[PDB]
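Visitor: Okay, handing you the structure first.
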Amino acid sequence: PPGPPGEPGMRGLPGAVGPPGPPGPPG
Amino acid sequence: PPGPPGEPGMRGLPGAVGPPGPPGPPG
Amino acid sequence: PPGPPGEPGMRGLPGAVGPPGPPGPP
């Protein structure tokens, strides 16, 4: 008889930090 | 016979929110 | 024998864009 299913895969790597925000409002 | 492949892993965790933007344009 | 491990998940979503900067100078 075939063996049991393999272990579930590894969780993926964490996502990249977001881009910096836009410039602020004018002075 | 080796068993069926394991299930795919979970997608990774989302990235952190990005840093704040630069100061706005001068008056 | 146990089957092969599953494939890894893909990379997580990129983070959201950061907040607006501070108001500009006088």
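By order in the structure tokens, chains are A, B, ...; within a chain, residues start at 1; ligands start at 1, following the order shown.
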Using only C-alpha atoms, which protein or nucleic acid residues come within 8 Å of segment 5-13 of chain B? Drop anything in the same chain fewer than 5 positions from it, and give the result as a PyMOL selection string.
Guide: (chain A and resi 5-15) or (chain C and resi 3-13)
Visitor: Could you save the residues just selected, with N, CA, C and O atoms, as a compact mmCIF listing (two decimals), in the first residue's frame?
Guide:
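Output file selection.txt follows:
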# COMPACT_ATOMS: atom_id res chain seq x y z
N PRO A 5 0.42 10.67 3.06
CA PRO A 5 0.77 11.99 2.48
C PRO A 5 1.96 12.68 3.21
O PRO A 5 2.14 12.49 4.43
N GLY A 6 2.74 13.46 2.47
CA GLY A 6 3.83 14.20 3.06
C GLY A 6 3.34 15.30 3.97
O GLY A 6 2.15 15.63 3.99
N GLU A 7 4.27 15.87 4.73
CA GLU A 7 3.94 16.98 5.60
C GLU A 7 3.54 18.20 4.76
O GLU A 7 3.99 18.35 3.62
N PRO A 8 2.68 19.06 5.30
CA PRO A 8 2.36 20.30 4.59
C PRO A 8 3.60 21.15 4.37
O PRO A 8 4.58 21.08 5.13
N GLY A 9 3.56 21.94 3.31
CA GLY A 9 4.70 22.76 2.97
C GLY A 9 4.97 23.85 3.99
O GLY A 9 4.15 24.19 4.84
N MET A 10 6.17 24.39 3.87
CA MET A 10 6.64 25.48 4.71
C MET A 10 5.84 26.75 4.43
O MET A 10 5.44 27.01 3.30
N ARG A 11 5.60 27.54 5.47
CA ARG A 11 4.99 28.84 5.22
C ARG A 11 5.97 29.72 4.46
O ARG A 11 7.19 29.65 4.66
N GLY A 12 5.44 30.53 3.55
CA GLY A 12 6.28 31.40 2.77
C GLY A 12 6.97 32.46 3.61
O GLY A 12 6.60 32.73 4.76
N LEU A 13 8.00 33.06 3.02
CA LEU A 13 8.72 34.14 3.66
C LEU A 13 7.82 35.36 3.88
O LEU A 13 6.83 35.55 3.17
N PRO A 14 8.15 36.19 4.87
CA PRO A 14 7.35 37.39 5.12
C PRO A 14 7.47 38.40 3.98
O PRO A 14 8.48 38.48 3.30
N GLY A 15 6.41 39.19 3.82
CA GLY A 15 6.39 40.17 2.76
C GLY A 15 7.30 41.35 3.03
O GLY A 15 7.76 41.59 4.15
N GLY C 3 5.11 10.70 1.95
CA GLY C 3 5.28 11.44 0.72
C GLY C 3 6.19 12.64 0.91
O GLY C 3 6.53 13.00 2.04
N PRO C 4 6.60 13.26 -0.20
CA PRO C 4 7.43 14.45 -0.12
C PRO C 4 6.69 15.58 0.59
O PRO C 4 5.46 15.67 0.47
N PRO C 5 7.42 16.40 1.32
CA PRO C 5 6.83 17.64 1.87
C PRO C 5 6.16 18.50 0.75
O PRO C 5 6.61 18.47 -0.40
N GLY C 6 5.10 19.22 1.10
CA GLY C 6 4.50 20.13 0.15
C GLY C 6 5.46 21.25 -0.19
O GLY C 6 6.47 21.44 0.50
N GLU C 7 5.15 21.98 -1.26
CA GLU C 7 5.96 23.12 -1.64
C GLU C 7 5.72 24.29 -0.69
O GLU C 7 4.63 24.43 -0.12
N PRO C 8 6.72 25.15 -0.49
CA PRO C 8 6.51 26.32 0.37
C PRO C 8 5.45 27.24 -0.19
O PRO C 8 5.21 27.29 -1.40
N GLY C 9 4.82 28.00 0.70
CA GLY C 9 3.94 29.06 0.26
C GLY C 9 4.72 30.19 -0.39
O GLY C 9 5.94 30.30 -0.24
N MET C 10 4.03 31.03 -1.15
CA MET C 10 4.77 32.13 -1.74
C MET C 10 4.99 33.21 -0.69
O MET C 10 4.47 33.16 0.43
N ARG C 11 5.81 34.19 -1.06
CA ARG C 11 6.09 35.29 -0.15
C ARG C 11 4.81 36.06 0.17
O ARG C 11 3.89 36.15 -0.65
N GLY C 12 4.76 36.61 1.38
CA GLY C 12 3.61 37.39 1.79
C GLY C 12 3.44 38.65 0.95
O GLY C 12 4.33 39.07 0.21
N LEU C 13 2.26 39.23 1.07
CA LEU C 13 1.96 40.48 0.40
C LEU C 13 2.90 41.58 0.87
O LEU C 13 3.28 41.62 2.04
Visitor: If we count only C-alpha atoms, what is near residue 17 of chain A at a cut-off of 7 Å, once residues fewer than 5 positions away on the same chain are taken out, given as JSON, numbers by chain?
Guide: {"B": [15, 16, 17, 18], "C": [14, 15]}
Visitor: Grab the residues selected above and save them as a compact mmCIF listing (two decimals), in the first residue's frame with C-alpha atoms.
Guide:
# COMPACT_ATOMS: atom_id res chain seq x y z
CA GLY B 15 4.92 43.07 5.19
CA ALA B 16 4.88 45.94 7.64
CA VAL B 17 3.26 49.23 6.67
CA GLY B 18 5.87 51.50 5.11
CA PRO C 14 4.06 43.67 0.42
CA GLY C 15 3.22 46.08 3.18
Visitor: Fewer than 2 positions away in the same chain doesn't count, so skip those; otherwise give me all residues within 10 Å of residue 22 of chain A, counting only C-alpha atoms, as a PyMOL selection string.
Guide: (chain A and resi 19-20+24-25) or (chain B and resi 19-24) or (chain C and resi 17-22)
Visitor: May I have the residues within 6 Å of residue 26 of chain B as a PyMOL selection string, using only C-alpha atoms and disregarding those fewer than 2 positions away in the same chain?
Guide: (chain A and resi 26-27) or (chain C and resi 24-26)
